[PDB]
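Enquirer: Here you go, this is run_34.cif (mmCIF, C-alpha atoms).
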```cif
data_final
loop_
_atom_site.group_PDB
_atom_site.id
_atom_site.type_symbol
_atom_site.label_atom_id
_atom_site.label_comp_id
_atom_site.auth_asym_id
_atom_site.auth_seq_id
_atom_site.Cartn_x
_atom_site.Cartn_y
_atom_site.Cartn_z
ATOM 1 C CA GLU A 41 2.065 12.835 3.704
ATOM 2 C CA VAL A 42 4.511 13.297 0.871
ATOM 3 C CA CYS A 43 3.230 12.175 -2.553
ATOM 4 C CA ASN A 44 -0.302 13.518 -2.188
ATOM 5 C CA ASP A 45 -1.610 13.852 -5.728
ATOM 6 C CA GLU A 46 -3.771 11.961 -8.196
ATOM 7 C CA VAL A 47 -1.283 9.314 -9.271
ATOM 8 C CA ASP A 48 -1.596 5.725 -10.442
ATOM 9 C CA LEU A 49 1.594 4.313 -8.928
ATOM 10 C CA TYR A 50 3.051 1.022 -10.163
ATOM 11 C CA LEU A 51 5.548 -0.409 -7.681
ATOM 12 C CA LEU A 52 7.829 -2.980 -9.309
ATOM 13 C CA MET A 53 9.939 -4.770 -6.721
ATOM 14 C CA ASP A 54 12.925 -7.047 -7.334
ATOM 15 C CA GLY A 55 12.528 -10.457 -5.715
ATOM 16 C CA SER A 56 15.147 -12.359 -7.689
ATOM 17 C CA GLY A 57 17.945 -14.687 -6.590
ATOM 18 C CA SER A 58 20.445 -11.826 -6.750
ATOM 19 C CA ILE A 59 19.215 -10.702 -3.320
ATOM 20 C CA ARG A 60 20.590 -12.388 -0.188
ATOM 21 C CA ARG A 61 17.843 -13.712 2.107
ATOM 22 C CA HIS A 62 19.171 -11.544 4.951
ATOM 23 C CA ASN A 63 18.719 -8.372 2.874
ATOM 24 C CA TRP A 64 15.282 -9.471 1.704
ATOM 25 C CA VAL A 65 14.046 -9.928 5.276
ATOM 26 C CA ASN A 66 15.884 -7.075 7.007
ATOM 27 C CA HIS A 67 15.854 -4.446 4.254
ATOM 28 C CA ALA A 68 13.962 -5.128 1.004
ATOM 29 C CA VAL A 69 10.521 -5.846 2.468
ATOM 30 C CA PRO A 70 10.739 -3.167 5.193
ATOM 31 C CA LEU A 71 11.872 -0.733 2.482
ATOM 32 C CA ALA A 72 8.754 -1.427 0.420
ATOM 33 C CA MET A 73 6.733 -0.811 3.581
ATOM 34 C CA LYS A 74 8.464 2.503 4.335
ATOM 35 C CA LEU A 75 8.011 3.617 0.716
ATOM 36 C CA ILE A 76 4.267 3.062 1.064
ATOM 37 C CA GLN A 77 4.221 5.049 4.321
ATOM 38 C CA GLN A 78 5.308 7.975 2.136
ATOM 39 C CA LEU A 79 2.117 7.667 0.089
ATOM 40 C CA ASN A 80 -1.375 9.024 0.618
ATOM 41 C CA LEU A 81 -3.354 6.073 -0.734
ATOM 42 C CA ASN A 82 -6.938 7.284 -1.086
ATOM 43 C CA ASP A 83 -9.876 7.466 -3.514
ATOM 44 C CA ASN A 84 -8.942 10.924 -4.827
ATOM 45 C CA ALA A 85 -5.187 10.557 -4.357
ATOM 46 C CA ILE A 86 -2.665 7.761 -4.935
ATOM 47 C CA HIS A 87 -3.782 4.389 -6.296
ATOM 48 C CA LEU A 88 -1.177 1.679 -5.779
ATOM 49 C CA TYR A 89 -0.269 -1.266 -7.974
ATOM 50 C CA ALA A 90 2.458 -3.594 -6.753
ATOM 51 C CA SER A 91 4.281 -6.551 -8.261
ATOM 52 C CA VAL A 92 7.354 -8.611 -7.431
ATOM 53 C CA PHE A 93 9.461 -9.770 -10.361
ATOM 54 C CA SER A 94 11.477 -12.981 -10.368
ATOM 55 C CA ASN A 95 11.291 -15.536 -13.162
ATOM 56 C CA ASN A 96 7.954 -13.872 -13.811
ATOM 57 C CA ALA A 97 6.052 -10.893 -12.414
ATOM 58 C CA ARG A 98 3.599 -11.668 -9.619
ATOM 59 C CA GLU A 99 0.835 -9.131 -9.022
ATOM 60 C CA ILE A 100 0.213 -8.699 -5.289
ATOM 61 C CA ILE A 101 -1.834 -5.485 -5.260
ATOM 62 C CA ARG A 102 -4.402 -4.965 -8.010
ATOM 63 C CA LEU A 103 -4.796 -1.377 -9.217
ATOM 64 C CA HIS A 104 -8.015 0.297 -7.987
ATOM 65 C CA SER A 105 -8.673 -2.522 -5.489
ATOM 66 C CA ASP A 106 -9.248 -1.897 -1.775
ATOM 67 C CA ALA A 107 -5.589 -2.318 -0.786
ATOM 68 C CA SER A 108 -4.705 -0.100 -3.758
ATOM 69 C CA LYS A 109 -6.283 2.916 -2.048
ATOM 70 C CA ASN A 110 -5.859 1.874 1.581
ATOM 71 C CA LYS A 111 -2.434 2.076 3.199
ATOM 72 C CA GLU A 112 -3.295 -0.257 6.084
ATOM 73 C CA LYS A 113 -4.401 -3.073 3.765
ATOM 74 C CA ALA A 114 -1.435 -2.540 1.432
ATOM 75 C CA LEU A 115 1.117 -2.924 4.231
ATOM 76 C CA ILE A 116 -0.492 -6.234 5.194
ATOM 77 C CA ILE A 117 -0.034 -7.588 1.661
ATOM 78 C CA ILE A 118 3.557 -6.335 1.482
ATOM 79 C CA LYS A 119 4.228 -7.895 4.880
ATOM 80 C CA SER A 120 2.799 -11.217 3.672
ATOM 81 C CA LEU A 121 5.742 -11.503 1.267
ATOM 82 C CA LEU A 122 7.766 -12.730 4.250
ATOM 83 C CA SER A 123 5.619 -15.884 4.324
ATOM 84 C CA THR A 124 6.680 -16.827 0.788
ATOM 85 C CA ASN A 125 9.847 -18.564 -0.420
ATOM 86 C CA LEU A 126 11.108 -15.309 -1.965
ATOM 87 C CA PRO A 127 13.638 -14.241 -3.048
ATOM 88 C CA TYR A 128 14.672 -16.506 -5.942
ATOM 89 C CA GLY A 129 15.035 -16.860 -9.704
ATOM 90 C CA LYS A 130 16.084 -14.616 -12.577
ATOM 91 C CA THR A 131 15.473 -10.869 -12.815
ATOM 92 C CA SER A 132 12.611 -10.380 -15.278
ATOM 93 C CA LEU A 133 12.108 -6.608 -15.125
ATOM 94 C CA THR A 134 10.717 -6.821 -18.650
ATOM 95 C CA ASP A 135 7.746 -8.967 -17.616
ATOM 96 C CA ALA A 136 6.897 -6.519 -14.825
ATOM 97 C CA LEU A 137 7.052 -3.573 -17.237
ATOM 98 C CA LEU A 138 4.989 -5.537 -19.759
ATOM 99 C CA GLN A 139 2.181 -5.852 -17.199
ATOM 100 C CA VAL A 140 2.082 -2.078 -16.740
ATOM 101 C CA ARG A 141 1.848 -1.544 -20.500
ATOM 102 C CA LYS A 142 -1.003 -4.068 -20.677
ATOM 103 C CA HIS A 143 -2.836 -2.130 -17.965
ATOM 104 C CA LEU A 144 -2.620 1.024 -20.076
ATOM 105 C CA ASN A 145 -3.627 -0.737 -23.291
ATOM 106 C CA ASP A 146 -6.722 -2.021 -21.490
ATOM 107 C CA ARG A 147 -7.381 1.495 -20.159
ATOM 108 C CA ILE A 148 -7.528 0.329 -16.543
ATOM 109 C CA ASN A 149 -5.668 3.427 -15.368
ATOM 110 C CA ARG A 150 -7.479 6.614 -14.373
ATOM 111 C CA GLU A 151 -7.795 8.792 -17.485
ATOM 112 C CA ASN A 152 -6.758 11.983 -15.684
ATOM 113 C CA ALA A 153 -4.212 10.641 -13.194
ATOM 114 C CA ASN A 154 -0.452 10.899 -13.627
ATOM 115 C CA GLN A 155 1.132 7.529 -14.389
ATOM 116 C CA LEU A 156 4.230 6.638 -12.375
ATOM 117 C CA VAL A 157 6.381 3.505 -12.271
ATOM 118 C CA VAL A 158 8.742 3.001 -9.329
ATOM 119 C CA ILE A 159 11.380 0.281 -9.580
ATOM 120 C CA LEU A 160 13.209 -1.146 -6.572
ATOM 121 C CA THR A 161 16.211 -3.129 -7.832
ATOM 122 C CA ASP A 162 19.538 -4.535 -6.622
ATOM 123 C CA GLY A 163 20.923 -5.800 -9.923
ATOM 124 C CA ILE A 164 20.696 -5.910 -13.710
ATOM 125 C CA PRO A 165 17.640 -7.331 -15.520
ATOM 126 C CA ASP A 166 18.091 -10.454 -17.660
ATOM 127 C CA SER A 167 17.457 -8.432 -20.812
ATOM 128 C CA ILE A 168 18.901 -4.931 -21.087
ATOM 129 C CA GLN A 169 17.361 -4.474 -24.531
ATOM 130 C CA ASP A 170 13.806 -5.628 -23.797
ATOM 131 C CA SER A 171 13.407 -3.748 -20.512
ATOM 132 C CA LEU A 172 14.737 -0.585 -22.167
ATOM 133 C CA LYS A 173 12.396 -1.105 -25.112
ATOM 134 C CA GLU A 174 9.417 -1.392 -22.766
ATOM 135 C CA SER A 175 10.455 1.569 -20.617
ATOM 136 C CA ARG A 176 10.653 3.874 -23.628
ATOM 137 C CA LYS A 177 7.270 2.646 -24.865
ATOM 138 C CA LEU A 178 5.852 3.600 -21.470
ATOM 139 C CA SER A 179 7.610 6.972 -21.301
ATOM 140 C CA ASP A 180 6.284 7.734 -24.786
ATOM 141 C CA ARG A 181 2.793 7.422 -23.302
ATOM 142 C CA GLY A 182 3.594 9.985 -20.613
ATOM 143 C CA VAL A 183 4.488 7.439 -17.943
ATOM 144 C CA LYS A 184 7.143 8.742 -15.557
ATOM 145 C CA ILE A 185 9.668 6.121 -14.459
ATOM 146 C CA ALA A 186 11.654 6.206 -11.218
ATOM 147 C CA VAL A 187 14.395 3.801 -10.130
ATOM 148 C CA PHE A 188 15.682 3.126 -6.621
ATOM 149 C CA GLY A 189 18.983 1.241 -6.728
ATOM 150 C CA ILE A 190 20.234 -0.868 -3.827
ATOM 151 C CA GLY A 191 23.627 -2.336 -2.957
ATOM 152 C CA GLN A 192 26.905 -2.785 -4.816
ATOM 153 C CA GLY A 193 25.505 -5.025 -7.547
ATOM 154 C CA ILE A 194 23.562 -2.363 -9.431
ATOM 155 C CA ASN A 195 24.431 -0.784 -12.762
ATOM 156 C CA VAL A 196 24.267 2.994 -12.280
ATOM 157 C CA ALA A 197 24.434 3.819 -15.992
ATOM 158 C CA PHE A 198 21.613 1.423 -16.877
ATOM 159 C CA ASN A 199 19.372 2.696 -14.067
ATOM 160 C CA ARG A 200 19.759 6.308 -15.206
ATOM 161 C CA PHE A 201 19.193 5.334 -18.839
ATOM 162 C CA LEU A 202 16.013 3.524 -17.802
ATOM 163 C CA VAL A 203 14.872 6.709 -16.066
ATOM 164 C CA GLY A 204 15.749 8.996 -18.968
ATOM 165 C CA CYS A 205 18.731 10.882 -17.560
ATOM 166 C CA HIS A 206 22.332 10.993 -18.750
ATOM 167 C CA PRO A 207 23.924 7.660 -17.729
ATOM 168 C CA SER A 208 26.547 9.449 -15.614
ATOM 169 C CA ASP A 209 26.494 13.254 -15.433
ATOM 170 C CA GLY A 210 23.982 15.732 -14.047
ATOM 171 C CA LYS A 211 21.399 15.573 -11.283
ATOM 172 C CA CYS A 212 18.614 13.012 -11.655
ATOM 173 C CA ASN A 213 15.594 13.460 -9.385
ATOM 174 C CA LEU A 214 14.002 10.245 -10.652
ATOM 175 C CA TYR A 215 17.009 8.203 -9.558
ATOM 176 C CA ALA A 216 18.637 7.377 -6.233
ATOM 177 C CA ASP A 217 20.714 4.534 -4.835
ATOM 178 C CA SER A 218 21.721 3.370 -1.364
ATOM 179 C CA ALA A 219 23.573 0.752 0.659
ATOM 180 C CA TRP A 220 21.429 -2.003 2.212
ATOM 181 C CA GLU A 221 21.843 -0.716 5.766
ATOM 182 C CA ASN A 222 20.833 2.809 4.761
ATOM 183 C CA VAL A 223 17.811 2.190 2.517
ATOM 184 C CA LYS A 224 15.182 3.389 5.010
ATOM 185 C CA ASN A 225 16.922 6.758 5.396
ATOM 186 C CA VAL A 226 17.107 7.456 1.663
ATOM 187 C CA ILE A 227 13.665 6.369 0.459
ATOM 188 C CA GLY A 228 11.975 9.362 2.109
ATOM 189 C CA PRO A 229 13.859 12.160 0.310
ATOM 190 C CA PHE A 230 13.757 10.030 -2.856
ATOM 191 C CA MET A 231 9.958 9.802 -2.906
ATOM 192 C CA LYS A 232 9.761 13.500 -2.033
ATOM 193 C CA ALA A 233 11.911 14.344 -5.053
ATOM 194 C CA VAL A 234 9.927 11.961 -7.268
ATOM 195 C CA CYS A 235 6.625 13.558 -6.200
ATOM 196 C CA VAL A 236 7.603 17.123 -7.101
ATOM 197 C CA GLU A 237 8.829 16.053 -10.540
ATOM 198 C CA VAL A 238 5.668 14.124 -11.440
ATOM 199 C CA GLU A 239 3.483 17.127 -10.574
ATOM 200 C CA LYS A 240 5.350 19.250 -13.140
#
```
Can the structure in the file be given as structure tokens, please?

Expert:
Amino acid sequence: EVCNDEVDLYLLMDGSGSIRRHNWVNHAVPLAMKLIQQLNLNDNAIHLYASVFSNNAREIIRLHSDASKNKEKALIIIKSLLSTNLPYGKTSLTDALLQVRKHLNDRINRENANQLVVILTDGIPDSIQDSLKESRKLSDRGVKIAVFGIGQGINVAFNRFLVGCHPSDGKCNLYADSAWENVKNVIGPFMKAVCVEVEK
């Protein structure tokens, strides 16, 4: 499919109280599933890491595990989110980003694979400063960061600043946003744009 390269992909998904339960069930979780359908998870291709951030970041798919490089097993884990009490709590994007940085510091990532973080969010993180501090630390290590905004509660400027684009003007391939009802129609072209840019 799309996104067929050697990439360690870290999927950070918002599961905070800012999301209505209806949107979590009908849109957020199916979106995460459709995003993964756009990936070729395999031994020599994409390796998936996934977490959901609320008050803290919960790791649901370990990097380099079986579900990490198997799409079938990954969808099962993502689908199992519906059996939890999510969504709730604050929006700790920082903690999620901190986990990614710890993975790099421990050299868990593949030495020769591109490093990509993909953030699905519907609102602002609790700390603008700390999440921006972590994102720049990552991007200084060659980690590409992509943001997928959802709904009317997002901050467009912040999302684009987190990516590394101008907060307002110019085209930004590593950023896209969408209304809740339209998320599954946008994620495809978004991932396709993200892929091409990472390969550069």

Enquirer: As number ranges by chain, please: the residues near residue 84 of chain A (cut-off 10 Å, all atoms listed in the file, same-chain neighbours under 3 positions excluded).

Expert: A: 44-47, 80-81, 87, 109, 153

Enquirer: Since I can't run it myself right now, could you work out what the PyMOL selection byres ((chain A and resi 169-179) around 8) selects here and report it as number ranges by chain?

Expert: A: 133-134, 137-138, 141, 165, 167-168, 180-185, 202

Enquirer: Rounded to one decimal in Å, what is the spacing between atom CA of residue 164 of chain A and atom CA of residue 144 of chain A?

Expert: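 Spanning atom CA of residue 164 of chain A to atom CA of residue 144 of chain A is a straight-line distance of 25.1 Å.
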
Enquirer: Expressed in Å to a single decimal, how great is the separation between atom CA of residue 209 of chain A and atom CA of residue 58 of chain A?

Expert: 27.2 Å

Enquirer: Identify the residues around (24.5, -3.6, -8.9) within a radius of 9 Å, measuring from all atoms listed in the file in the coordinates stated by the file, and give them as number ranges by chain.

Expert: A: 161-164, 189-196

Enquirer: Pick out the residues sitting within 10 Å of residue 63 of chain A, and hand them over as a PyMOL selection string; count only C-alpha atoms, and ignore anything fewer than 3 positions along from it in its own chain.

Expert: chain A and resi 59-60+66-70+127+191+220-221
